[PDB]
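Coming up is one lone chain in structure tokens, specifically the form deposited in one PDB entry.
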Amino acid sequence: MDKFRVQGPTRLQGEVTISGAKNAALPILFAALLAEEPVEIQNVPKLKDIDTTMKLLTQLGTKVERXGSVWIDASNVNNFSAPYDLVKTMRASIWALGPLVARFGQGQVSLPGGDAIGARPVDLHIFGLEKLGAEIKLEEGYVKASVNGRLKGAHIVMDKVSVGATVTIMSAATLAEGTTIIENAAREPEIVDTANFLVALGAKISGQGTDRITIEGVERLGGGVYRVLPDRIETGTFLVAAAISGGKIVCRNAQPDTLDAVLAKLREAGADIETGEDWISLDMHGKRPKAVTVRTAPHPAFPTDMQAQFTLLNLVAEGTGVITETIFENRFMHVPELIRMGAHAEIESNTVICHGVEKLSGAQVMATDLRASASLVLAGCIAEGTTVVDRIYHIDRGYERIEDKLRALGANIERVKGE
């Protein structure tokens, strides 16, 4: 069981190159099932889910190869079924459904039983395809969708906002006959990226990033080269890494416009920030951060995925600051871990009240949340002594070699074993 062993305190400073966003890469990879011509997806991070997706795609008859890029040739998809064995570890598997039925007239995806770990409904996906003219067949453990000819554009009102279902509906609609309108569409930067990818293949889509996406169906999608957007949360993580350690950092391969809220929040903390078209710099000038007040909310407001990071910031900032989760519940489980590191805070309902301390102290800590976990590693960097963060496979799943990046920033960190 891998652990990160960190020796602090160390000032995090220098440069880091942001990896492609896993959350844009995934939907884009599935959308490539629509491309009749070879496609080159650049800036794809080396992550578990990417591998699982490549395997799933190969199983379908897709010709797949990888490095920085993932090369895809789906001009010849022959197997319209995603089996239990390959979808078992990945919810995103449902994304194969729509492209299959839209392009080939049929798709089937295996669904983990009710009791399986991480098992969640995909109702929105299925009923969305239905609105598009897909004939649906359901039996415990699988969903099949089919159509005679092209799907039919429809006016679709979403009762629940869903990143997942928005991708499925927007994707399949690029091949349908007519216009499809998605009201209450997810607004995420990853949704905009997915749409941009589709458009790059010849799709007709507008409104991406707003509450209303409009797709005009076309004959077919071609091939080409597309560069996956930078990972906004990863970028936020490294900004905070410099912000809490008096450091200065320049993030390469970034997209400032996907971080308005995070950047303004950092400025409130006394950070000196600069941005370019593809870079972001953060300079603390050796100073301790100032405590901030944070309210998480839907994009493009302050992101809940930056919460644990900002909590940490408050915990070592000058002064008191409150962090409120306005939508999500139970997002503070990891706070007791930080308090074991010498932090001072109180959790009250949907908020964490932070009292900044001078220096944290090393400890053996653990968190199951990717973000919280990463925050633990950051704390280990600036804390006094030795910190051992357990179960870092959680981090490995969403961050591309975070220890390598941290090391280049000046961290005393290492991957160690323990069973």
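Just so we're on the same page, rigid core means the largest C-alpha set that superposes within 1.5 Å between forms. The first residue of the sequence shown is number 1, and the count goes up from there.
One more form of this protein exists, namely the form deposited in another entry; it is left out here, but the text below deals with it.
Q: At a threshold of 2 angstroms on the CA positions, core aligned, which residue out of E329, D159, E277, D115 shifts between this form and the one not shown?
A: Per the superposition, the moving residue is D115.
Q: Shorter or longer C-alpha distance for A119 and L124 in the other entry, given it differs from this form by 3 Å or more?
A: Closer in the other entry, by 3 Å or more.
Q: Can you tell whether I117 sits closer to or farther from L124 in the other entry than it does here, judged by CA atoms, where the change is 3 Å or more?
A: Closer, not farther.
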